[PDB]
Structure formats: structure tokens, C-alpha cells
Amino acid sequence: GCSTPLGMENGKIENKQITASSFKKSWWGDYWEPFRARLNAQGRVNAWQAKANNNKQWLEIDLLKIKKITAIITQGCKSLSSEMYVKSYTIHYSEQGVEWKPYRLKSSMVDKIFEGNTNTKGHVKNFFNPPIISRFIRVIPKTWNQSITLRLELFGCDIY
């Protein structure tokens, strides 16, 4: 089958493979680095937080080789007295990491907007019908509650 978690939570996807447009750095050593965006992560800093909340943000995952990506799970983050989570997002993909292509349905001309989270720890899973075949995946937050924060996991399999 093709529904195996690709490695965000279990750490098979290494820190070096996860990057972002920007990330929050607190005056006192709290860096919400991209690679902290792992499903179910706990800790003082357990998620990626964009440096600024605007339409120019993205979290990128380099799978190191082209794979078939069948689903994605996103989760939010509760930090202090603040509930932050991405409510909707689009997906961009690439085989080379140079040219980016937006995920769109067959009878579509606009980017497919995926429904995201409605709380901080609940898992929201979205299936890609059809699957995405690529090496790089970018999650583009469209709407968020309070602040852009994410914890995620990707599911797929190798190409044969």
C-alpha cells in the first residue's frame, strides 16, 4: 500500500530536510525552527512559528528523492495563553526544488485550498486525490487563528 508516514514524527525526515520562509526567534533563546514542526511534538518549543504572519510564508520538506505523497496531517500549537493553528492552506510541489507547481484538482484553475485545524492538538488529515509525485513539498498557510504555527506528518511511499 501507500499510506506510510514519511518520517516527520519518527525523525526519519531529518532536521536538515525541513526549511521555511522564516521562523520566530524570542529574545530569550526560543527558536521555533522549521524542523520543530513534527506531529505530536512536546516541549517549550514544539512547533514551527513563522516570523511574521502574512501571505508570504511557507514550510518546505525535501524528501531527498521523488516519492508518492498520499496524505497530510496538520496540528496546531498551544504556547502560553495563546491558541495558534493554521485553518486553511495550499500545497506547492516540485521535483527539482526550482520550479514550483500548485496542487490543483482536475476541473480547476485555482489552487486547491485544504481545510486545516480548528484547535491546537487535534489532527486534521487530508488525502491527495490524486496523489502528488515529487521530492519537495511546500505548505502555504492561507488563514490562521492568532498566529501561524504547525506540526505535521506526511504519508506516502516510494516510486517503483
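From 1 onward, residues are counted along the sequence shown.
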| query | finding |
| --- | --- |
| Selected stretch [higher average CA B-factor]: 3-11 or 150-158 | 3-11 |
| Residue stretch of maximal mean CA temperature factor, 19-27 vs 135-143 | 19-27 |
| Of the residues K121, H92, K65, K125, the one carrying the largest Cα B-factor as recorded | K65 |
| Criterion, highest CA B-factor; candidates, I61, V98, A41, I69 | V98 |
| Within-chain third of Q49 by Cα B-factor, per the entry | middle |
| Ranked C-alpha temperature factor of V86 among modelled chain residues, by third | lowest |
| CA B-factor placement of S108, once the chain's modelled residues are sorted into thirds | highest |
| Ranked C-alpha temperature factor of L80 among modelled chain residues, by third | highest |
| Within-chain third of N55 by Cα B-factor, per the entry | highest |
